[PDB]
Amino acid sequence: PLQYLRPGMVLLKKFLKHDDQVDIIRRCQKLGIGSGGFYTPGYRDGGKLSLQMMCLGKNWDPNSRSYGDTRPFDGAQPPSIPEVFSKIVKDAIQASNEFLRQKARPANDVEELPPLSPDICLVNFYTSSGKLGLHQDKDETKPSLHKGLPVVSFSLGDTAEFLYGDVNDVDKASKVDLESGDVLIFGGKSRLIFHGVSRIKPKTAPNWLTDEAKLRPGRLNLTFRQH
């Protein structure tokens, strides 16, 4: 149910509840079509295919590769992060730290992820041909990175094949499947892993979610960070 991938990297299988997944899709469907909604980025670190994005909270701008209050190309301010999203993020960290507490026993230090008060949510939508190349989440402020403040990532819809490793070379990357409802956290010594999405597995989204949320083919990711 909870899986240790490497120091400070925990995968919470099927962590998102039924109604929360539906609620997350429905909120992103509505925010995604309004002001500050989804657009196709001209640039992503690592390259990309069949990817649209929108930010909640602070905006990450592709053209400038920095954080700000509004999207430069249309002046839109991003919607704020729903408080229910922030609640789930904090629960995921709490659950991870309890897992790391129980797995500690005693040839090594006790692991513990730092808390997160995310003010950045990157919402990525991949259609079935989607991909995102290996990259580091390296645009947050130096104190945020130096403290190892974690990245918390929600997965919904079709399964992603997720690559991660220490370098920009797939030959040295590990693979894990991120299925609908999974939450992945990387912080501490894993905060700067290279990572990406090599493939979306078509027709893997749960039928109940496709039906209740009217989800289009593909995968929705929400990636939370603290600037």
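Numbers follow the displayed sequence, beginning with 1.
**Student:** Which is higher on mean Cα B factor in this entry, 112 to 120 or 151 to 159?
**Tutor:** Averaging CA B-factors over each stretch, the winner is 112 to 120.
**Student:** Output the stretch having the higher mean C-alpha B factor in the entry; the candidates are 40 to 48 and 60 to 68.
**Tutor:** Comparing averages over the C-alpha atoms only gives 60 to 68.
**Student:** In the PDB entry, which of 86, 127, 94, 144 has its C-alpha at the highest B-factor?
**Tutor:** Answer, based on the entry's C-alpha B-factors: 144.
**Student:** Which third, lowest, middle or highest, does the C-alpha temperature factor of residue 216 belong to within its own chain?
**Tutor:** Middle third by C-alpha B-factor.
**Student:** Using the temperature factors of the C-alpha atoms in this entry, rank residue 74 within its chain: lowest, middle or highest third.
**Tutor:** Ranked within chain, residue 74 CA B lands in the highest tercile.
**Student:** Split the chain's modelled residues into thirds by Cα B-factor; is residue 140 in the lowest, middle or highest one?
**Tutor:** Highest third - that is where residue 140 ends up once the chain's C-alpha B-factors are sorted.
**Student:** Of the three thirds of its chain by CA temperature factor, lowest, middle or highest, which one includes residue 180?
**Tutor:** Bottom third by C-alpha B-factor.
**Student:** Would the CA B-factor of residue 103 place it in the lowest, middle or highest third of its chain?
**Tutor:** Its C-alpha B-factor belongs to the highest third of this chain's values.
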